Amino acid sequence: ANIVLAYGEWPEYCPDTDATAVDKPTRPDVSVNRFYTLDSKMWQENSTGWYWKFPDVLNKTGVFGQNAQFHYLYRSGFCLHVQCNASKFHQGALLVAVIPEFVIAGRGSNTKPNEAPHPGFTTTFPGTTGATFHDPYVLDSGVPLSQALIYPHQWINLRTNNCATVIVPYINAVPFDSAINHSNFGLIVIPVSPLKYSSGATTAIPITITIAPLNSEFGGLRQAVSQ
Amino acid sequence: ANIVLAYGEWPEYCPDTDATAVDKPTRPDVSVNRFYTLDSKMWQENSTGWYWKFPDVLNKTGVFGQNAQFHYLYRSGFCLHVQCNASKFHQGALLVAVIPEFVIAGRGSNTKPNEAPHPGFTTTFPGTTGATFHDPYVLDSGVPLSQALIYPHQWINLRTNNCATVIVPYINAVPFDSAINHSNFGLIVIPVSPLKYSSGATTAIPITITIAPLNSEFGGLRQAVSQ
Amino acid sequence: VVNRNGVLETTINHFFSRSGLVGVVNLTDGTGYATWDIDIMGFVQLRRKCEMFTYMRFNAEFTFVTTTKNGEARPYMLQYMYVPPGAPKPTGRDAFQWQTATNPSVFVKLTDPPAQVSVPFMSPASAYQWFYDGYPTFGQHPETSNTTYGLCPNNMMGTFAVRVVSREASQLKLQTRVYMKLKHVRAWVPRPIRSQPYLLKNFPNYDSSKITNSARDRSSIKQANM
Amino acid sequence: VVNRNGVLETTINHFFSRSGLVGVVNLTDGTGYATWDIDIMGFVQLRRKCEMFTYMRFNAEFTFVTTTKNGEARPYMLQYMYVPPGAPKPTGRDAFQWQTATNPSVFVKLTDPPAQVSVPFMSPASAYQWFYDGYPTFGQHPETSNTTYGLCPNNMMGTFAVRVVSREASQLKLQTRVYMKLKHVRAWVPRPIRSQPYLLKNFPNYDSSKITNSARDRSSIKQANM
Amino acid sequence: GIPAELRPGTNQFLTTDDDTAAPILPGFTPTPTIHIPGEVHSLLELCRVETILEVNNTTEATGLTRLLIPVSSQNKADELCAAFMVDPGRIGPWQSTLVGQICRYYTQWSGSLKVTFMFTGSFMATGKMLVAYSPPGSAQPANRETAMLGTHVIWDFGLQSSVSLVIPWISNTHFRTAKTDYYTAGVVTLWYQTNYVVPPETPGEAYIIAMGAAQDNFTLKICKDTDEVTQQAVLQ
Amino acid sequence: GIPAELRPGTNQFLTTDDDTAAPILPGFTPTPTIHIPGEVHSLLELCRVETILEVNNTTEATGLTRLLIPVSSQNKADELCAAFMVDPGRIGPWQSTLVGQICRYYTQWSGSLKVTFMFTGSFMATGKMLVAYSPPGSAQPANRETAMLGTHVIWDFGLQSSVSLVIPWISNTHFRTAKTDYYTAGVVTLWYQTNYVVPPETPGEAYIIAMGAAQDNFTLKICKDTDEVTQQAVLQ
Amino acid sequence: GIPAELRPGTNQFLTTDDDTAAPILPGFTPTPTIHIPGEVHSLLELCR
């Protein structure tokens, strides 16, 4: 298909006039700006969807992960590539969308905040394997799925294409941030149209995610902390 | 006599800068812009008057009627011609007037709107045969007849003339309108001076109406609805 | 004769630019709120003046004068809210509608001067029209209990709600009078000025069994008494 | 078609520049003072409007409207104090905090018009954000009673205290309503507008056992009723 | 701030005040204006339009007959047909006209007036009439010899059906008050100048319609609430 | 000092007033502004983004299936698939879209609309559809022969998956009110133009996703409080 | 006189307001200023 540039802006280094912390940042730029492949997901007849919180999915893999957990401040953009292919006799559709500041809501009917339910840490920050949607219809947050087209997004329609690519810059209210404490955005994949085929067709359809962290900056060097 | 141009303005097509609905209108302009003759009325010694609500009198006759009930929006001006002749020994006078937005009032003394009397549909929208006046003195609406000379009008004085012609443009608060739901103006004919003659004179005096819809526009084409 | 008499007083703007009684709203605060459907043909003095024309386009100025039953002016806080068509109508003296976040409101004391606001021309059409010959719907339009023959849906402008801003019931019987002034006026198609007494707010009905003559009767056509 | 319809009403500044109910503070004066934590997601009408965006930067105008239980307006003096983060919180109706020497304060009568002040953009970050995906601390973040997952410490702006300036107890039950208006607004990253009912002030929780449909149900897909 | 003091007239709501008020909807753009015919800029454009007088405002006439002045053949000569007062705000025939209704909205009036008479009969009937305006000073004239000493027009029937009589505004003050003695402007009378003459096989009775209006120099002064509406409750 | 008097409108707190207030912190310098992507200058930028309609808003469908219109093979020909109203502020499918939610914040709306239909099936399936907008005047059309007399598009399946239907704003007033009779703009219908045809070893059912949006000439008028929030207490 | 209306924020005493007040002693001339060392223009000179 095409390539989506989120908000029509390329990622870039934090410039003059926009920085606050005063020390020279590091830019590895070849060993961190590369493509990483995650383990895939089995798309089945009743799968609800998956999500990944992004400045933690790569937080433990490679030179990027080592830089992230050695430095205290981080900033970069991303390139997202979701792959899923089937035969010409399969049918379905997936919505792939990038949600900045994707805050997961607790699921319960307690009106007193003291004893109200809350998601556990892993559900909020799944890591490399992601999490599955409990209620895809309300985006697991109380807001409708239908309007998630306001976010930068693509469709994988099995009769049209088999890849979805989004290029996204750095979105935050501060020029630099901690990559262990804050997840800048989440990536959601949801099958709004179910997967269908006939007997004799392959039943094992995988969905794979590959990401590239463009324009990586780290600062505030100290010992290595990851939690 | 002469010809009355209502408010000193000729009818015209809806221009640029004044239109709202965006689609090309139709202009038949030869098969709708022509003269139609209605069946006449017997003027008698105690006739009270008649009226016609005009964007429905022609709503069921000819190509104009077919266009009106096929299209949802309408706009045009009119030319009105009333005919009545008698001998040189007859006497009388008729007032012919055009009332924009001629709303017929209910006749009763009920002060609670829930159970107050109201005119039926036919009395409000008579069609091709018209309706007769119950109280010509109050114009069937609670306002005096004497001041109906504020409207564009003519007199048929049997000793002076035998025709009355009014040319009237489009009067409305919106550039286009529905011809099945809204009657833009009504035409009233009332004998303020009674008809008198002597024995041996003809007793059958008819009154006839002929109309021409100038500058016809229709829009919003769909199926044919007439109610 | 070199006449210098003056004709400026006879213009439409000077004829229509004067406040007049438009509405009266009664509150008991024993419900706790009152509502009023904005419609200005409820009082005859302004109605007769406005119905001399078919089409009228203007801005307005609304003044609110609130008092009690005895006429006292004890210091209380009142909220005036304008609820446009579609918006939810307040349901109690403490409901969630009264935290007006998009709706306009005026907080005013009973001891304050009467409140005064400006209103623009708000019609989906190009002008307000008091006479609409027709129905606002495709249908059957029954011949017995007709109604809906003079709706003019281009004239529906929402409601006005008034409440007492208080923790609980204040036990105050209030009466607020709404006065409207027309500004920047234009008019089209003059009509005869009504001679018959009014009967309904939204319909032109008149008593046919009792028709009043437009001129007072005199004894003979050869005198000059009446 | 030469369209002249007007689009100025649809801007962000005109959409957000209208006062709305933000807080309610109850005082008994039987303690002698009341406090309120400044946080404006306590009422749903302004919350739904503000949560249509991720980042928002603006100045504000705060109006205070104080009444009694019955609604009377007896003449008393009240002190409104704003206590920024870190500053000591007043402990009594006569404590040493009320001699505000660096803190801002407003002395206002119950009989006066509602008080009105201006507030700038006061965040250590570049914008206020209502959605903060993360924790404000390096730690263990337990998996049972989590909390602190949406703190956004860049949004903590201090408290508001109100007292009756008097020699002793005045025996007055007061209620002050705080209305906020946004001015000079900028916004970033629009989001879906919430469909589920709100449950908590600081969390986006929703009732999963009772999910409301975003569209009302109709009988068949071949009709056009709902 | 700026020192000031508040003057008498503070905190008053004048119904006819000309000030500004706070807008409720900022940034608002109204519906665009279209062209509508029949625009009105003053009431004086409406005072000049001719409108029927209810001269036959008696008990016997009801309905449309109140607007018809009968004219038949006489045999006593120099007879009187009709008479009415020329004050437009006074009760009587002028109450049924538009200029009268508008003059009822004001306190003082000035200028000349016009009355048009339109004859309705057969083509064969003919006659002459004397239409006389008499300024104030005495009762209504008792004969045509007295009535012809004032302003008048002699009108014969023909192809043209109507005649016009101009009442020329003979007053001492620049304005007159609509019954607010020192006012009233005189009386209009209508007399048979010769007769109503008709051939055989033709009706012996015909009608005349009168129509009243203002003139170029007409003007009004001091707006007021009219006295032709009535209030009893709040629904009407 | 300077003489003055206080006018009506004194001592009133208008929620939509445009005035000045006293600053609390003099000499204050805020945090400097950074560049953030995705800046929004008006809601009209958001009305133009396509968003899914809940057309299958029935009792049987719950969850994501409310956004899927089923399409299978017929055997009765010229059959009807779907129908819905085109008023964006009305209850129904448009309630689930962004332009509908924003239109619920205003009183009047104007301009054209757009609906995109996206076909989801196998590469081998094919067919044709008739998507018809009908302006007001009657009930929903009962057959394709009636429905094709209005505005319509004939859409065949292929490499391109979606089609667009523009609802062109045929009205008499410059604005329409979102249920505040004289409004509602007509009905959209979706009919089988030919059929749904598939080879063997392929599912016989597929889905269609509809997505609604505004147009360039769209505009809104008179802000108001929406009717999709509810208040019961003060913690939410 | 000049028509006006009074706005919210009337009759309030803001502790950090920047306005004028009426002088109590007209024509007053203070004691002349001498040169004193160690003048301070901001607290930031003392933080350093």
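Proteins get letters first, then strands, A, B, ... in listed order; numbering begins at 1 in each.
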(request) Could you tell me the separation between the OG1 atom of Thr66(C) and the CG atom of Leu172(C), rounded to the nearest 0.5 Å? (result) 11.5 Å

(request) Answer yes or no: are there more than 12 heavy-atom neighbours, outside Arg74(D) itself, under 6.0 Å from its atom CZ? (result) no

(message) One thing to verify: whether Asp29(D) and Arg93(D) come together as a salt bridge, which I'm taking to mean a side-chain N less than 4.0 angstrom from a carboxylate O.
(response) yes

(message) Contact between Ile40(C) and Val178(C) at the side-chain level, heavy atoms closer than 4.5 Å - yes or no?
(response) no

(request) Indicate whether the side chain of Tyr179(D) and that of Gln116(D) have a donor and an acceptor atom separated by less than 3.5 Å. (result) no

(request) Can you establish whether the number of heavy atoms outside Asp18(F) located under 6.0 Å from its atom CG is more than 12? (result) no

(message) Under a 3.5 Å distance rule, please check whether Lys201(C) uses its side chain to pair with a backbone N or O of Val234(E) as donor and acceptor.
(response) no

(request) May I have all residue pairs that pass side chain to side chain donor-acceptor pair (under 3.5 Å) and include part of residues 13-28 of chain D, sequence neighbours excluded? (result) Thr11(D)-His14(D), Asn26(D)-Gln175(D)

(message) For a 4.5 angstrom cut-off between non-hydrogen side-chain atoms, does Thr176(C) reach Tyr80(C)?
(response) yes

(message) Would you say that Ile222(F) contacts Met122(C) through its side chain, given a criterion of any heavy-atom pair below 4.5 Å between the two side chains?
(response) yes

(request) Begin from the C-alpha positions of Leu78(D) and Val108(D) and carry the test side chain to side chain contact (heavy atoms under 4.5 Å, CB included) through to its verdict. (result) CA-CA 5 Å; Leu78(D) 314 183; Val108(D) 141; 5.6 Å; no

(message) Within the structure provided, determine whether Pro3(F) and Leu6(E) are in side-chain contact (heavy-atom separation under 4.5 Å).
(response) no

(request) Give a yes or no answer on whether the side chain of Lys181(D) reaches the backbone of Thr15(F) with a donor-acceptor pair at less than 3.5 Å. (result) yes

(message) I want to check something: taking the side chain as every heavy atom from C-beta on, are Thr68(C) and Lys173(C) in contact at a cut-off of under 4.5 Å?
(response) no

(request) For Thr102(C) and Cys223(F), work out which heavy atoms get closest and say how close. (result) CG2-CB, 3.8 Å

(message) If we check side chain to side chain contact (heavy atoms under 4.5 Å, CB included) with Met81(C), which of these qualifies: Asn103(C), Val162(C), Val106(C), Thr159(C)?
(response) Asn103(C)

(request) Any chance you could measure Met180(D), atom CE, to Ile38(D), atom CD1, to the nearest 0.5 Å? (result) 10.0 Å

(request) Measure the spacing between OH of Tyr105(F) and NZ of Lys49(D) and express it to the nearest 0.5 Å. (result) 6.5 Å

(request) Report yes or no: does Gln97(C) contribute a side-chain atom to a donor-acceptor pair with the main-chain N or O of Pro88(C) at less than 3.5 Å? (result) no

(request) Specify the closest pair of heavy atoms between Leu182(C) and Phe16(C), including all atoms of both residues, with the distance to one decimal. (result) CB-O, 3.6 Å

(request) Nearest 0.5 Å please: distance from the OG1 atom of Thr16(F) over to the CG atom of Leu14(F). (result) 4.0 Å

(request) Using a 4.5 Å cut-off on heavy atoms from C-beta on, say whether the side chain of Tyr33(D) contacts that of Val164(D). (result) no

(request) Answer yes or no on whether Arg57(C) is positioned over the face of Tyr128(C), meaning its NZ or CZ is under 6.0 Å from the six-membered ring centre and within 45° of the axis. (result) no

(request) Decide if atom CD of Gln231(E) counts as having more than 12 heavy atoms of other residues, nucleotides or ligands within a radius under 6.0 Å. (result) no

(message) Using every non-hydrogen atom in the two residues, find where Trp36(C) and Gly23(C) come nearest and quote the distance to one decimal.
(response) CZ2-CA, 4.0 Å

(request) I would like to know whether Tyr82(D) and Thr100(D) meet side chain to side chain donor-acceptor pair (under 3.5 Å); could you show each step before the answer? (result) CA-CA 10 Å; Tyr82(D) 160 54; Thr100(D) 158; over 6 Å; no

(request) Validate the cation-pi geometry between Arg177(C) and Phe64(C): distance from NZ or CZ to the six-membered ring centre under 6.0 Å, angle to the ring axis within 45°. (result) no

(message) Would you compute the distance between atom OG of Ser105(D) and atom CG of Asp17(G) and round it to the nearest 0.5 angstrom?
(response) 12.5 Å

(request) For the residue pair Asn202(C) and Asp39(C), establish whether any side-chain heavy-atom pair is separated by less than 4.5 Å. (result) yes

(request) Apply side chain to side chain contact (heavy atoms under 4.5 Å, CB included) to the pair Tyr76(C) and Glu72(D), showing each step before the final yes or no. (result) CA-CA 5 Å; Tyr76(C) 286 77; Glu72(D) 193 76 294; 3.6 Å; yes

(message) Looking only at the side chains, is there a donor atom on one of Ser118(C) and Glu61(C) sitting less than 3.5 Å from an acceptor on the other?
(response) no

(request) Output the distance between atom CZ (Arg7(F)) and atom CD (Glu5(G)), rounded to the nearest 0.5 Å. (result) 9.5 Å

(request) Determine, for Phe58(D) and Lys183(D), whether the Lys NZ or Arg CZ falls below 6.0 Å from the six-membered ring centre while staying within 45 degrees of the axis. (result) no

(request) Check whether any side-chain heavy atom of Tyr106(F) sits under 4.5 Å from a side-chain heavy atom of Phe15(D), and report yes or no. (result) yes

